[PDB]
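Single chain ahead, by itself, as structure tokens, in the form deposited in one PDB entry.
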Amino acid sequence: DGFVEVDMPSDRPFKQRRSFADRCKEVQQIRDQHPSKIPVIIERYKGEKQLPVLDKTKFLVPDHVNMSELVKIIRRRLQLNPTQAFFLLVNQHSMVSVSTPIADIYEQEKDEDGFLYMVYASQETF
């Protein structure tokens, strides 16, 4: 009766994989090396199945760009058709115009650890 050791890649959100201390320390280091860049965590929405999971979830973007540039980055990384539509929600369930500067979104919506959390989902998911 040996243990059937099962092991598989964790699908848990970034907040559950990295501790609060590690996340705070990481933003602190990043903002000290790159004071004009925003640390953004972009993950797949919890109820999304139509869109795949991206290999990368941590993004370091210039603080002079708008939400639009962030959509362009994710869209290309997802390799979407023009027929494929998706939303980019700040924190959770929160939607802003793509013309909105990310620096404005950051200072208003950033988590306590310093990261700005976003999720992507299909428009049909909601």
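The term rigid core refers to the most C-alpha atoms you can superpose between the two forms while keeping them within 1.5 Å. All residue numbers refer to positions in the sequence shown, first residue = 1.
Beyond what is shown, the protein has a form deposited in another entry; the following relates to that form.
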Out of 89, 51, 30, 98, the position with Cα displaced 2 angstroms or more between the shown form and the other one on rigid-core fit is 98
Shown form as baseline, in the other form, CA residue 94-residue 24 shift of 3 Å or more puts them farther
In the other form, do the Cα atoms of residue 94 and residue 111 sit closer or farther apart than here, given a shift of 3 Å or more? farther
